[PDB]
Amino acid sequence: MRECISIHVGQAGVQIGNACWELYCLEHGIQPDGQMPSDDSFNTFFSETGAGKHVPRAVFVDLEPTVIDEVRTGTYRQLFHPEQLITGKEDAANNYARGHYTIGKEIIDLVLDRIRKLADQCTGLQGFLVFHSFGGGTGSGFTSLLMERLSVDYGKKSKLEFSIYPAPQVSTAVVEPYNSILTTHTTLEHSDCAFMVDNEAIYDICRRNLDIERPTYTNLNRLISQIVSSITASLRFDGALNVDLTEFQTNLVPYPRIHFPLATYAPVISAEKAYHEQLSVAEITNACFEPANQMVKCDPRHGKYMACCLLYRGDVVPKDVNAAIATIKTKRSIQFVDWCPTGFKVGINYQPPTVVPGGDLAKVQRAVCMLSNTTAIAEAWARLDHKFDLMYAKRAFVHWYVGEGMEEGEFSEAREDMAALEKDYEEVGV
Amino acid sequence: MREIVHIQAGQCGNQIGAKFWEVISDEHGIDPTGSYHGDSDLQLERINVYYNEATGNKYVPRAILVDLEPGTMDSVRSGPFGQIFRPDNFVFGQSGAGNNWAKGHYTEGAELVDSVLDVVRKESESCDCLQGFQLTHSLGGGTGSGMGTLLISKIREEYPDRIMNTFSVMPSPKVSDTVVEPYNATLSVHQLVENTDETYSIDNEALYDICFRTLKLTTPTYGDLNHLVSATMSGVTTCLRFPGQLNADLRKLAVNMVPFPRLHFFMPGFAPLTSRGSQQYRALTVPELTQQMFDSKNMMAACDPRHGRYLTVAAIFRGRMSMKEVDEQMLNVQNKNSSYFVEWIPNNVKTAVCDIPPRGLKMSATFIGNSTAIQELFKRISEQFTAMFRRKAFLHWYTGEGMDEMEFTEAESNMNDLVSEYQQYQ
Amino acid sequence: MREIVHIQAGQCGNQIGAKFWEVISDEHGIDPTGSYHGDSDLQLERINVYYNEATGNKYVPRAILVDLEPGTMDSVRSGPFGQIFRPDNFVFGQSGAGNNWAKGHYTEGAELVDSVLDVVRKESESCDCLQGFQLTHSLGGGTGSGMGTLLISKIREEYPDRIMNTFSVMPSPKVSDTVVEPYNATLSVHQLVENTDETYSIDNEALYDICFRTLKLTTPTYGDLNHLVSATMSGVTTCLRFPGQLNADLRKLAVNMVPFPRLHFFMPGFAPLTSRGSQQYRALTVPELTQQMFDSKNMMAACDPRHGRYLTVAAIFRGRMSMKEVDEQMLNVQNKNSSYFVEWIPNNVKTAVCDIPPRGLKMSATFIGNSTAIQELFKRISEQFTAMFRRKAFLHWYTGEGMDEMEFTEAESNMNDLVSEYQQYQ
Amino acid sequence: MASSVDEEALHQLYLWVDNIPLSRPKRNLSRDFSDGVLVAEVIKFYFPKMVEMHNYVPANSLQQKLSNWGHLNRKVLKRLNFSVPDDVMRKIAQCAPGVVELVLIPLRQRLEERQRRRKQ
Ligand SMILES: CC(=O)O[C@H]1C(=O)[C@@]2(C)[C@H]([C@H](OC(=O)c3ccccc3)[C@]3(O)C[C@H](OC(=O)[C@H](O)[C@@H](NC(=O)c4ccccc4)c4ccccc4)C(C)=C1C3(C)C)[C@]1(OC(C)=O)CO[C@@H]1C[C@@H]2O
Ligand SMILES: CC(=O)O[C@H]1C(=O)[C@@]2(C)[C@H]([C@H](OC(=O)c3ccccc3)[C@]3(O)C[C@H](OC(=O)[C@H](O)[C@@H](NC(=O)c4ccccc4)c4ccccc4)C(C)=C1C3(C)C)[C@]1(OC(C)=O)CO[C@@H]1C[C@@H]2O
Ligand SMILES: Nc1nc2c(ncn2[C@@H]2O[C@H](COP(=O)(O)OP(=O)(O)OP(=O)(O)O)[C@@H](O)[C@H]2O)c(=O)[nH]1
Ligand SMILES: Nc1nc2c(ncn2[C@@H]2O[C@H](COP(=O)(O)OP(=O)(O)O)[C@@H](O)[C@H]2O)c(=O)[nH]1
Ligand SMILES: Nc1nc2c(ncn2[C@@H]2O[C@H](COP(=O)(O)OP(=O)(O)O)[C@@H](O)[C@H]2O)c(=O)[nH]1
Ligand SMILES: [Mg+2]
């Protein structure tokens with residue numbers, strides 16, 4: 001019942017998985033060895049065997065072994081099914097071309113084989129939670145090949161998309177927009193609701209809120225895990241208003257192509273800071289709409305809200321939710337599209353947030369998960385399109401994509417598709 | 001797993017490659033006799049990248065030593081780590097090339113190319129998953145420039161898909177030790193541009209400039225220049241021998257670093273660099289590593305980057321550091337010095353970080369740069385070639401080997417074509 | 001319930017406000033850590049006026065600490081009650097104002113006004129029923145006078161109806177510690193008159209006169225002047241934090257105390273005041289409190305009331321007393337000294353009495369006065385301004401910040417206008 | 001016809017903006033227009049529809065100033081077929097005298113252009 005198969009592609013995907021399962025084993029009380037010391041709250045994410053062992057339903061796919069066989073050496077080496085974590089021989093070279101045609105071709109058939117052997121025990125499979133990065137070669141090419149076959153083998157099943165998106169300023173590779181643009185066909189055609197992750201915005205989040213001067217990506221991971229667990233909170237624990245994963249995405253999506261909502265989490269706050277605040281429902285409600293708390297470097301005040309979903313968890317009373325949202329609709333600075341004078345979807349869960357012992361996040365009795373679609377997010381693509389022009393105008397690095405079996409015009413279809421998406425997110429704002 | 005097969009050409013190539021072998025044997029904790037003596041298991045997992053596992057838990061490097069004289073083989077085998085090498089890869093002739101490119105490419109090295117190919121092929125088949133060939137040679141003289149290009153062409157012909165990276169020490173006007181270097185350089189880069197996926201240009205003069213004006217050595221010998229080369233030699237391949245947060249193997253660099261196929265002659269560099277009496281005072285923080293890294297004094301060629309624009313720069317950092325400051329320096333360098341980086345391509349830097357720093361170092365930074373200013377050495381080589389081309393000197397010692405005038409003309413034309421492309425995007 | 005939001009500007013403002021916080025934390029029985037430790041429930045009902053209820057029954061004051069230097073923040077957080085404050089309201093820059101009004105009002109404080117507004121707004125929305133803002137600052141220098149007026153104007157703009165009371169320590173000729181004070185005072189009162197509903201003028205010289213000629217302290221430090229300020233700070237808001245027979249909150253004072261909208265710079269005072277060796281002998285009866293209260297020595301500015309006429313005086317008494325003697329002294333003072341009170345307005349006194357006296361005191365009296373003699377400081381500030389205005393000194397350090405001559409001229413004209421209105425009714 | 005701009009045109013433009021009813025207090029224009037939010041308020045009088053004022057937030061930090069002005073370039077100026085370089089925009093955001101006025105001069109002309117256009 002209510003099972004979800006999590007897919008982890010690329011270095012970013014596999015390591016964000018390492019952090020997510022680190023959070024899940026703690027919140028559901030499983031040791032790193034898979035045992036339960038002493039409700040079926042784990043059936044959503046973990047499978048059970050006769051010996052009392054919790055086996056996650058997850059696949060780690062990387063075209064290179066270093067990160068995954070590092071996982072084979074870490075504390076979670078025995079938690080995972082060893083041959084459901086698949087390693088390739090040749091890295092993706094930050095190239096969508098080989099990852100989509102050349103190197104992922106020989107390995108994808110085993111990946112779908114393991115997906116099938118994960119699906120056949122799920123009696124109530126709810127959806128898919130695939131993790132990757134746009135800029136990475138694996139996270140672009142292999143995901144592009146994989147959602148294609150998943151959409152024809154599991155077409156009815158929902159496919160939530162949690163992807164890591166490049167920053168306006170911070171970047172790790174010059175070819176990142178090339179990998180990002182050929183991913184856009186996958187999210188538009190073979191995804192049901194995509195969640196985009198910006199590293200620089202959350203860098204600002206941890207700089208300002210967590211007061212930590214020197215966090216790593218592991219600190220980024222130990223909050224992406226919270227956002228995904230909060231999205232999955234209603235499926236695993238009891239709540240006064242439990243939101244089904246299908247109910248969720250029906251509430252987000254106004255049109256089949258408009259399914260790209262922003263995400264924010266509250267309260268992101270350090271342990272030294274949690275003490276001096278009462279941390280009411282109202283202020284965590286007010287903090288979410290603050291542009292200084294957005295996960296993507298775009299100003300919501302530059303845009304218009306279409307769908308709003310209040311995913312509260314912990315000791316939160318729905319009356320306080322109504323009182324907060326009355327204030328939210330009271331201010332004019334937050335102007336919603338003329339589509340939704342009802343505005344808000346409310347979801348409340350009884351489980352307080354679970355704290356990572358090595359994390360930088362404080363223990364708070366209340367936590368809220370904010371997921372909202374808005375027209376302001378097109379700016380996060382409005383710099384990437386001008387960016388892609390700035391390379392494609394000479395055919396900057398295409399000889400590699402051409403040399404690995406990509407048609408030259410696939411870039412033309414790519415920027416045509418992103419232009420279509422950018423237009424689609426502008427007409428709905430009128 | 002991403003095995004990398006090394007080839008040494010010329011006395012310059014084999015001695016600098018031997019000192020590189022010494023350096024990375026210390027990094028991997030390998031005894032001079034070949035046995036393992038490292039401290040952590042991290043030195044042990046990726047031994048297969050550079051060394052072959054043998055009986056007794058001793059490890060033999062995957063290096064093919066090629067020369068046309070036995071004296072250099074005698075020196076290297078009698079050197080500090082001569083005993084660790086394969087007796088079979090000592091493939092060598094007796095009569096030298098005499099700094100004649102035609103000799104090495106047609107007569108002297110053509111007979112030994114069969115004896116080098118049967119060794120490189122066995123080394124490659126000994127590999128589990130070959131990634132490429134790292135070849136060390138010299139553009140000066142006729143051995144390294146002469147036979148090196150021939151066997152590079154052969155291995156490229158039979159290995160068309162593997163990475164081809166070469167580290168080339170190349171002639172210079174003021175520290176020239178041989179009269180006939182420009183012929184050799186022009187006849188070598190002709191094949192280097194057409195065949196090599198990667199070429200690192202190393203100039204001796206800037207190595208001297210590093211050892212005096214930064215390292216403050218009163219008597220830095222030739223081995224110190226070899227050390228400066230070997231530092232970047234080890235740095236460029238760090239990511240596929242050790243774990244790091246940002247893994248960037250050779251092809252990771254390649255896909256990010258060479259915008260058009262022929263723009264692949266690059267600018268190496270390494271940080272930190274201090275004198276003996278100044279390391280005690282220096283703060284080795286990553287921002288200071290950066291301010292040292294893009295300095296025109298830290299580079300290993302006379303081509304001053306202020307006379308051109310960077311196409312792509314690769315900064316493979318190493319050590320237990322976070323990375324927000326890494327991004328902030330890599331954006332500040334290209335923002336405050338945006339006039340030195342092609343504005344038309346916005347993010348010119350590739351960032352890689354390794355978790356284990358070099359032995360004795362808390363952190364290190366390796367510099368790889370694509371600047372249009374690198375044409376300074378190419379056009380100067382072409383000009384010096386013209387000063388000894390336009391009216392026929394020294395050609396009897398090439399044409400006597402079957403060499404011909406029109407091929408010299410095409411080589412010069414190709415140097416001009418290259419300098420044209422690199423001035424085009426400046 | 002009549003929440004009051006406090007803002008500290010400048011080192012003078014934040015230290016005197018911090019000592020005020022200490023005083024009223026003792027009055028409300030609040031532990032240095034923030035927990036409640038009072039004796040009676042009377043300290044507990046109106047905690048919401050100054051403090052926010054939090055988890056663990058600990059209480060955080062509703063104060064916003066604003067400065068342009070981190071040193072004062074460092075001192076206040078390391079002070080006796082530094083730990084009770086909100087880490088978020090420590091909003092501060094790094095470069096100081098250098099006692100430059102233009103810096104604080106245009107360059108240095110304009111960047112931090114956004115970071116103070118988002119804090120004051122959250123503090124106000126945290127309130128159940130906001131009554132006003134009590135702001136502490138200094139007319140001297142460029143921090144308190146400079147950014148204080150800017151953010152006062154902003155909060156007045158977005159809170160047009162709330163009470164605006166400010167306690168302002170203001171420059172003086174003989175105890176001046178900075179050369180450029182008069183510019184700051186003239187540029188500050190310009191905004192204080194137009195925006196503030198209430199301003200308490202505090203002069204350091206009369207604080208010194210109190211501590212020597214009444215308190216008989218041999219070494220009264222700066223903290224003792226802070227204490228003298230904080231006494232009236234706590235007194236003026238006593239009625240809306242504690243029950244009394246005559247309740248008079250801030251707006252109760254306002255409706256009685258400022259006859260015309262611009263005549264709102266007032267005269268604070270407090271009784272009783274004795275030396276250590278003379279309190280043993282004094283009879284603390286209310287009539288004696290009165291005879292001490294209207295003394296020219298008890299006041300906190302050099303403006304001697306005998307050089308003018310009182311427009312309105314506020315006597316907020318405190319303690320378990322009856323009140324017929326209160327009325328009889330408040331009529332005797334204005335009858336026997338009717339030549340010192342405007343006869344044209346008959347009953348110049350507002351009387352308020354509280355039931356709980358200050359800790360350690362059986363009774364107390366707080367003096368607030370509207371006298372036309374307060375123009376003594378204003379016209380003297382204008383004269384000193386003219387002595388450094390009429391032919392152009394120090395203006396390069398303002399005009400370099402975008403400041404302009406004609407605004408200085410209008411500021412001086414407005415000082416002259418004010419002194420004109422206050423001499424008009426004398 | 002004056003080929004160049006004289007000192008009198010500055011005054012004409014100074015008076016005209018005051019002539020429009022703008023919801024602003026008494027302060028100089030050269031420091032208020034620098035913010036950017038005032039410019040869209042000016043244009044609200046002409047076409048209230050295109051102006052949203054659900055997109056730019058009034059602050060007084062140069063970062064927010066330039067962030068708002070950049071947005072304004074691609075959402076108001078683009079409709080008016082008006083383009084300006086970042087080197088100029090920097091100066092507008094710095095409250096530079098003359099610089100923002102060099103854009104205030106043609107802005108109104110473009111607005112009247114849009115007025116005359118027979119839009120359906
Ligand atoms: C006491 C102390 O702190 O001295 C250090 C040191 O940091 C200094 C002096 C070292 C020192 O290097 C030199 O003196 C030198 C001389 C000529 C050419 C190049 C180096 C050092 O010898 C070098 C050595 O570096 C290493 O061991 C690295 O792993 C390096 N390997 C070697 O240098 C090496 C030396 C002998 C045999 C085999 C290897 C390395 C660098 C990059 C990639 C792989 C390996 C270190 C830390 C020191 C000394 C001992 C003084 C420097 O070397 C390097 C490569 O980091 C010279 O400038 C740097 C930084 C410092 O100034
Ligand atoms: C043994 C004894 O009777 O001594 C008394 C006292 O009455 C005297 C000496 C006190 C004393 O005050 C001073 O010595 C003093 C020094 C510099 C500046 C101001 C005061 C006293 O400290 C002050 C203190 O007053 C209070 O506690 C009031 O509540 C006052 N709070 C504080 O002074 C205070 C001190 C430390 C920390 C926090 C607060 C207050 C006044 C108005 C509004 C709110 C609170 C009292 C009764 C005394 C001592 C202890 C000697 C006096 O203080 C006050 C404010 O009433 C000074 O003149 C008055 C009257 C007396 O002479
Ligand atoms: N937020 C976040 N982003 C990450 C993390 N790890 C990698 N990324 C993103 O991944 C992008 C680059 O992709 P890669 O590092 O090459 O990872 P990959 O998806 O496996 O791609 P390949 O290495 O080519 O196979 C960077 O721009 C990062 O934004 C992480 O831990 N947190
Ligand atoms: N950087 C460096 N340069 C060298 C070294 N040894 C020689 N050289 C110079 O490099 C040039 C290469 O020419 P050479 O190798 O002798 O020609 P070959 O015999 O045909 O291979 C020579 O002219 C030398 O001056 C060395 O150890 N380091
Ligand atoms: N009454 C009193 N006056 C003070 C105190 N500290 C400083 N002053 C004086 O008040 C004036 C205020 O100027 P200042 O606050 O330093 O200027 P700013 O730094 O721009 O805020 C100074 O010239 C001091 O001489 C204090 O604790 N109490
Ligand atoms: Mg990868």
# chains A, B, ... in the order shown; residues from 1 in each chain; ligands from 1

call {"tool": "select_by_dssp", "arguments": {"residues": "segment 24-257 of chain A", "states": "alpha helix (DSSP H)", "output": "number ranges by chain"}}
result
A: 24-27, 66-71, 96-97, 105-119, 137-153, 176-190, 199-208, 217-231, 233-236, 245-252

call {"tool": "residues_around", "arguments": {"residues": "segment 94-109 of chain D", "least_positions_apart": "2", "cutoff": "8 Å", "atoms": "only C-alpha atoms", "output": "list in words"}}
result
residues 10, 13, 30, 31, 33, 34, 35, 62, 88, 90, 91, 92, 111, 112 and 113 of chain D

call {"tool": "interface_residues", "arguments": {"of": "chain C", "to": "chain D", "cutoff": "10 Å", "atoms": "only C-alpha atoms", "output": "list in words"}}
result
residues 106, 107, 109, 110, 111, 112, 113, 114, 115, 157 and 402 of chain C

call {"tool": "residues_near_ligand", "arguments": {"ligand": "ligand 3", "cutoff": "9 Å", "atoms": "only C-alpha atoms and all ligand atoms", "output": "ChimeraX atom specification"}}
result
/A:9-16,62-64,91-96,99,132-142,163-167,170-173,176,197-200,202,216-221,224 /B:245-248,252

call {"tool": "interface_residues", "arguments": {"of": "chain A", "to": "chain D", "cutoff": "8 Å", "atoms": "only C-alpha atoms", "output": "PDB file with N, CA and C atoms, in the first residue's frame"}}
result
ATOM      1  N   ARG A 301       7.671  38.183  -5.927  1.00  0.00           N
ATOM      2  CA  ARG A 301       7.034  39.486  -6.056  1.00  0.00           C
ATOM      3  C   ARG A 301       7.084  39.991  -7.494  1.00  0.00           C
ATOM      4  N   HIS A 302       7.996  39.462  -8.314  1.00  0.00           N
ATOM      5  CA  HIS A 302       8.013  39.725  -9.749  1.00  0.00           C
ATOM      6  C   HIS A 302       6.931  38.963 -10.507  1.00  0.00           C
ATOM      7  N   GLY A 303       6.252  38.016  -9.866  1.00  0.00           N
ATOM      8  CA  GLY A 303       5.294  37.180 -10.562  1.00  0.00           C
ATOM      9  C   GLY A 303       3.975  37.007  -9.840  1.00  0.00           C
ATOM     10  N   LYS A 304       3.139  36.105 -10.347  1.00  0.00           N
ATOM     11  CA  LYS A 304       1.793  35.890  -9.838  1.00  0.00           C
ATOM     12  C   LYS A 304       1.605  34.428  -9.450  1.00  0.00           C
ATOM     13  N   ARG A 332      -1.437  43.063  -0.203  1.00  0.00           N
ATOM     14  CA  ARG A 332      -1.476  43.174  -1.657  1.00  0.00           C
ATOM     15  C   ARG A 332      -0.149  42.795  -2.304  1.00  0.00           C
ATOM     16  N   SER A 333       0.957  42.836  -1.555  1.00  0.00           N
ATOM     17  CA  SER A 333       2.258  42.526  -2.142  1.00  0.00           C
ATOM     18  C   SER A 333       2.304  41.109  -2.702  1.00  0.00           C
ATOM     19  N   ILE A 334       1.426  40.229  -2.226  1.00  0.00           N
ATOM     20  CA  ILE A 334       1.331  38.862  -2.723  1.00  0.00           C
ATOM     21  C   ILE A 334       0.067  38.795  -3.572  1.00  0.00           C
ATOM     22  N   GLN A 335       0.206  39.037  -4.871  1.00  0.00           N
ATOM     23  CA  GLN A 335      -0.936  39.057  -5.772  1.00  0.00           C
ATOM     24  C   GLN A 335      -0.999  37.748  -6.549  1.00  0.00           C
TER      25      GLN A 335
END

call {"tool": "residues_near_ligand", "arguments": {"ligand": "ligand 4", "cutoff": "6 Å", "atoms": "only C-alpha atoms and all ligand atoms", "output": "JSON, numbers by chain"}}
result
{"B": [10, 11, 12, 99, 138, 140, 141, 142, 143, 144, 176, 177, 178, 204, 222, 223, 225, 226]}

call {"tool": "residues_near_ligand", "arguments": {"ligand": "ligand 1", "cutoff": "10 Å", "atoms": "only C-alpha atoms and all ligand atoms", "output": "ChimeraX atom specification"}}
result
/B:19-27,207,210-211,214-217,220-238,270-280,282,284,318,357-366

call {"tool": "interface_residues", "arguments": {"of": "chain A", "to": "chain C", "cutoff": "9 Å", "atoms": "only C-alpha atoms", "output": "VMD selection string"}}
result
chain A and resid 273 275 to 279

call {"tool": "write_last_selection", "arguments": {"atoms": "N, CA and C atoms", "output": "PDB file, in the first residue's frame"}}
result
ATOM      1  N   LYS A 273      19.300  29.683  17.307  1.00  0.00           N
ATOM      2  CA  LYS A 273      18.226  30.624  17.002  1.00  0.00           C
ATOM      3  C   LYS A 273      16.850  30.088  17.383  1.00  0.00           C
ATOM      4  N   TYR A 275      15.811  28.928  20.084  1.00  0.00           N
ATOM      5  CA  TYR A 275      15.447  29.136  21.481  1.00  0.00           C
ATOM      6  C   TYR A 275      14.670  30.430  21.691  1.00  0.00           C
ATOM      7  N   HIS A 276      15.082  31.517  21.041  1.00  0.00           N
ATOM      8  CA  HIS A 276      14.552  32.843  21.323  1.00  0.00           C
ATOM      9  C   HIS A 276      13.244  33.140  20.596  1.00  0.00           C
ATOM     10  N   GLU A 277      12.759  32.227  19.760  1.00  0.00           N
ATOM     11  CA  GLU A 277      11.497  32.421  19.060  1.00  0.00           C
ATOM     12  C   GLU A 277      10.480  31.390  19.523  1.00  0.00           C
ATOM     13  N   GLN A 278       9.239  31.844  19.694  1.00  0.00           N
ATOM     14  CA  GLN A 278       8.121  30.936  19.906  1.00  0.00           C
ATOM     15  C   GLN A 278       7.783  30.135  18.657  1.00  0.00           C
ATOM     16  N   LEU A 279       8.071  30.686  17.475  1.00  0.00           N
ATOM     17  CA  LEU A 279       7.909  29.987  16.199  1.00  0.00           C
ATOM     18  C   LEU A 279       6.463  29.546  15.976  1.00  0.00           C
TER      19      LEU A 279
END

call {"tool": "closest_residue", "arguments": {"among": "B:425, B:249, B:381, B:334", "to": "ligand 6", "atoms": "only C-alpha atoms and all ligand atoms"}}
result
B:249

call {"tool": "residues_around", "arguments": {"residues": "residue 238 of chain A", "least_positions_apart": "5", "cutoff": "12 Å", "atoms": "only C-alpha atoms", "output": "ChimeraX atom specification"}}
result
/A:39-41,232-233,243-244,313-314,347-352

call {"tool": "write_last_selection", "arguments": {"atoms": "N, CA and C atoms", "output": "compact mmCIF listing (two decimals), in the first residue's frame"}}
result
# COMPACT_ATOMS: atom_id res chain seq x y z
N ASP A 39 3.29 -0.92 12.69
CA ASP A 39 2.48 0.25 12.37
C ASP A 39 2.36 0.44 10.86
N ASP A 40 3.28 -0.19 10.12
CA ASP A 40 3.32 -0.11 8.66
C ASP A 40 3.45 1.32 8.16
N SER A 41 4.12 2.19 8.92
CA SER A 41 4.41 3.52 8.41
C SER A 41 5.59 3.50 7.45
N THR A 232 6.20 13.92 1.13
CA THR A 232 5.71 12.56 1.35
C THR A 232 5.18 12.34 2.77
N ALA A 233 5.04 13.40 3.57
CA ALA A 233 4.64 13.24 4.96
C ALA A 233 3.25 12.64 5.10
N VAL A 243 -2.97 14.71 2.51
CA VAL A 243 -3.04 15.02 1.09
C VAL A 243 -2.42 13.86 0.32
N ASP A 244 -3.23 13.19 -0.49
CA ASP A 244 -2.73 12.12 -1.33
C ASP A 244 -1.77 12.68 -2.38
N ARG A 313 3.24 20.27 9.11
CA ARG A 313 3.47 19.06 9.89
C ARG A 313 3.87 19.45 11.30
N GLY A 314 3.55 18.58 12.25
CA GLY A 314 3.86 18.85 13.64
C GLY A 314 2.66 19.30 14.45
N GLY A 347 -2.66 21.22 4.04
CA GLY A 347 -2.36 19.86 4.46
C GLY A 347 -1.62 19.86 5.78
N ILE A 348 -2.16 19.11 6.74
CA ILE A 348 -1.63 19.07 8.10
C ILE A 348 -1.28 17.62 8.44
N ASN A 349 -0.12 17.42 9.06
CA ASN A 349 0.35 16.11 9.49
C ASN A 349 0.79 16.19 10.95
N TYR A 350 0.62 15.08 11.68
CA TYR A 350 0.87 15.06 13.12
C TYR A 350 2.33 14.80 13.49
N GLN A 351 3.19 14.43 12.54
CA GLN A 351 4.56 14.09 12.89
C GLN A 351 5.43 15.34 12.91
N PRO A 352 6.09 15.65 14.03
CA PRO A 352 7.04 16.76 14.02
C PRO A 352 8.24 16.43 13.15

call {"tool": "atom_distance", "arguments": {"atom1": "atom CA of residue 80 of chain D", "atom2": "atom CA of residue 375 of chain A"}}
result
21.8 Å

call {"tool": "select_by_dssp", "arguments": {"residues": "segment 128-373 of chain B", "states": "strand (DSSP E or B)", "output": "PyMOL selection string"}}
result
chain B and resi 130-138+163-170+198-203+246+265-271+299+310-319+341+349-354+363-371

call {"tool": "atom_distance", "arguments": {"atom1": "atom CA of residue 127 of chain A", "atom2": "atom CA of residue 160 of chain A"}}
result
7.1 Å
